[PDB]
């Protein structure tokens, strides 16, 4: 990722916030020169992405995790709200379309996790916390977790470098910014909320 200076994070908490808010991530490694990716829930341990630790799991039947045994670098991509910006919204001549989006790319050394039950149970706790009411695993569900464990592989990524993009129209002037924000308010309220939180800095 090439972070355009105008679209850089305003505060390091912004990157960590996007990661925590969007745990369904893309985990990428290189296998014989070919990138291979798995969609998986990934949670953050620590206050910052850079220097933090990511924890995730995937299927044992998914051969991707075999590339982690040698502890290569892996890239984990967290994607926030996003949306196409049509020149119809800009309502100007000379116009060029855009795509507004936010994302955090974390790269670091992967390590297979022996504590696979701990990872999945911490993932439940993290993903249920924003819900009201939250689901708490019962003894019967935790027994089911143990029964499922042979089929899961858990992993940790120690983040060496983080790049975060917040391309949220902050370069526009007040007039068009309002047009873009109002257009997203309708059917992309997540993007509109992220625009509001992005100017909160």
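Residue numbers count along the first chain shown, from 1.
Chemist: Tell me which of 70 to 78 and 85 to 93 has the higher mean C-alpha B-factor in the deposited entry.
Modeler: According to the PDB entry, the answer is 85 to 93.
Chemist: On average, are the C-alpha B-factors higher in 15 to 23 or in 173 to 181?
Modeler: Mean C-alpha B-factor is greater for 173 to 181.
Chemist: In terms of the CA temperature factor given in the entry, to which third of its chain does residue 157 belong: lowest, middle or highest?
Modeler: CA B-factor rank for residue 157: lowest third.
Chemist: Lowest, middle or highest third: where is residue 134 by Cα B-factor in its chain?
Modeler: Highest third.
Chemist: Could you look up the Cα B-factor of residue 118 in the entry and say which third of the chain it sits in: lowest, middle or highest?
Modeler: Middle third of the chain for residue 118's C-alpha B-factor.
Chemist: Going by the entry, which third of its chain does the Cα temperature factor of residue 48 land in?
Modeler: As the PDB entry reports it, the C-alpha B-factor of residue 48 lands in the highest third of its chain.
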